[PDB]
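J.: The structure is given below, and queries will be raised subsequently.
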Amino acid sequence: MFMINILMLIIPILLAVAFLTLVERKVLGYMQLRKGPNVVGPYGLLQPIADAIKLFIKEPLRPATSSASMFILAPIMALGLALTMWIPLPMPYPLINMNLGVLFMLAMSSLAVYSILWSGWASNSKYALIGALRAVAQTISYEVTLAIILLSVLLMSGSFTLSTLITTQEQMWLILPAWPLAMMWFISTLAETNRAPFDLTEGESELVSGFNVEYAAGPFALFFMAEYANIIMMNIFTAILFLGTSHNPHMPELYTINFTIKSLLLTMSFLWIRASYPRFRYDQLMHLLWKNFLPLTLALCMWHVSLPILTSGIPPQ
Amino acid sequence: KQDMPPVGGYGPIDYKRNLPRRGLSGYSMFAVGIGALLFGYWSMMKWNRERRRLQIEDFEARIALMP
Ligand SMILES: CCCCCCCCCCCCCCCCCC(=O)OC[C@H](COP(=O)(O)OCCN)OC(=O)CCCCCCCCCCCCCCCCC
Ligand SMILES: CCCCCCCCCCCCCCCCCC(=O)OC[C@H](COP(=O)(O)OCCN)OC(=O)CCCCCCCCCCCCCCCCC
């Protein structure tokens, strides 16, 4: 019954991306002083099952001046790596016990930009031709802001597995000994996964130009779908790394209860940022990576090399 | 003879501009930060050092067998 476990993980998470689109706007609504989806629910709660069927009735045109084998291959690789990344992730037991899987996250988070380079090219001209070339350019630069300060906690964890990442945090909630790194951990995933303040990707992006600009609601229904699957997955990855919960072997039930409550709270912030701050005007977006983000990340890197040595506090492996 | 303006009852409301509430600034910050961070590393070396002791016990049970 291994095969019944995989389907027990793909299917209960497509609701949690469909029941996030509804909480996308109720939370964003009470900031504007207005109620949620009022009339169809009764409380809203039945909105996405009606808002899903309309997309698969509405005619999925292909553009006449488009290519063929590239345009319908990027949504295959969209949902592939958006759902494959959920595998090696402990809660409290992962589906797969990888020896080194923290690196496998970057082995999965690297290839997502190789679909945007397809879809911007595969269909058509200037509103996604050059306008998607400068969306690959922002997402490549925020790995070296990411991969360094992901390594900067592993000097304190001890190894590459994720079971040690819960063992080392039984008494600490490790956001305290590394709180400068925890800041730039947030803004990276806030800009890499193509969200609201650093937003030259989706729809705020000259407010007209996106990679969604050409997909009718047949193939478009996944792009949005798949994408919303990253944003609840960097949140499930931050809260297993910094803000780690407590594991008890005799009681694994109380792990997940105290766990899903925490990833939901960080997921609120991606909604709660969008209702405050304006955009970044593509220069100043990348003007603060090199000049401003990056030299501090090397500074704390040299700090986290020497401090396990000159404390005589080497982590065991 | 039924016309508007009252004989009295007025404010007015201000034209002003003020909300400068400070705020715990100016060497108060950078002092709670370092004082919190050094509590973190002090909470290290009591766990990371202690886990290395149990680490050697885990290798110990290996070596006492395997002849
Ligand atoms: C459009 C449809 C047509 C395309 C359909 C096919 C698409 C497939 C794309 C999937 C790409 C995922 C590739 C990821 C490779 C990384 C896998 C990996 O590293 O697993 C971790 C593990 C490492 O070993 P370890 O951790 O030490 O095991 C514990 C031992 N105590 O390793 C293991 O546990 C076992 C290692 C051997 C397992 C078999 C080999 C894995 C790769 C098989 C697929 C080959 C890749 C196909 C090409 C990819 C194209 C993107
Ligand atoms: C000797 C002992 C050792 C000493 C250790 C001391 C530790 C010190 C730790 C310092 C390093 C951590 C701080 C990180 C640096 C902050 C990033 C930065 O430099 O931003 C600079 C940016 C540039 O703009 P600026 O210079 O202000 O010029 C324009 C003025 N007209 O100006 C900005 O402010 C930009 C602000 C961020 C831009 C994105 C804002 C979008 C919204 C993000 C909200 C995020 C909220 C928090 C994230 C979640 C936290 C859990």
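Going by what the header records, the deposited coordinates were determined by electron microscopy, 7.8 Å.
The backbone N, Cα and C atoms fix where each Cβ goes, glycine too.
I grabbed these lines from Swiss-Prot:
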type	residues	note
MOD_RES	A:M1	N-formylmethionine
TRANSMEM	A:2-22	transmembrane segment
TRANSMEM	A:70-90	transmembrane segment
TRANSMEM	A:100-120	transmembrane segment
TRANSMEM	A:146-166	transmembrane segment
TRANSMEM	A:172-192	transmembrane segment
TRANSMEM	A:222-242	transmembrane segment
TRANSMEM	A:253-273	transmembrane segment
TRANSMEM	A:294-314	transmembrane segment
J.: Please report, as numbers and ranges, the same-chain residues at least 6 past the borders of the transmembrane segment (A:294-314) whose CB is under 8 Å from any CB of it.
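T.: Contacts of the transmembrane segment (A:294-314) (Cβ under 8 Å, skipping residues fewer than 6 from its ends): 144-145, 148-149, 151-153, 155-156, 178, 180-181, 184.
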J.: Are there residues at least six beyond either end of the transmembrane segment (A:222-242) with Cβ under 8 Å to its Cβ atoms? List them, or say none.
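T.: 13-14, 16-17, 20-21, 75, 78-79, 82-83, 85-86, 89-91, 105, 112, 153, 162, 165-166, 173-175, 178, 182, 185-186, 189, 193-195, 211-212, 215, 259, 262-263, 266-267, 270.
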J.: Tally every other Cβ atom lying within 10 Å of the Cβ atom of A:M1 (N-formylmethionine).
T.: 5
J.: Could you check what DSSP calls the residue listed as 'N-formylmethionine' once collapsed to helix, strand or coil?
T.: coil
